[PDB]
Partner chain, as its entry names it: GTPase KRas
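One chain comes next, on its own, written as structure tokens: the form deposited without the partner chain.
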């Protein structure tokens, strides 16, 4: 019953593979719905064509800034920001999908895919999904990151939607 969405990833425009995510709409419905709708584009804006602007191997892949492409932009389907819905779910290991923010109750569209256990983010970032298929594709993306987060090739969401 929880929705599944997919990203088709490209590296300098060459297809890499597909990642799918289960979104925990049963526990964080408002946060899950934002990501779902941005993945389908159904409200007229969303993730298709956007990049992963920050990738730190052994930590996380960050994306979702579809307005400024660098970590300073994005917006949710509810407005420019929305509240921290709850902190029921924790950052338990690789494959966790969590919201980026700039302080309490500042969620927009940016997110990150953890590639390690990040327990120091518990209670500060809302966890709302996990990788279901294609964790190997996330691992492949990670190799284009660097310690300061700048990517060596352009990592883009070439297509996305709901399965």
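Residue numbers count along the first chain shown, from 1.
What follows is about the form solved in complex with the partner chain, which we do not show.
Asker: I'd like to know if residue 59 sits close to the partner chain in the entry with it bound, meaning any non-hydrogen atom pair within 4.5 angstroms.
Answerer: Yes - in the entry with it bound, heavy atoms of residue 59 and the partner chain come within 4.5 Å of each other.
Asker: Quick check on residue 154: any heavy atom within 4.5 Å of the partner chain in the entry with it bound?
Answerer: Result no; residue 154 lies far from the partner chain in the entry with it bound.
Asker: Does the partner chain come within 4.5 Å of any heavy atom of residue 121 in the entry with it bound?
Answerer: Yes.
Asker: Let me know which residues along 1 to 36 have a heavy atom within 4.5 Å of the partner chain in the entry with it bound, or say none if there are none.
Answerer: Heavy-atom contacts within 4.5 Å come from no residue here.
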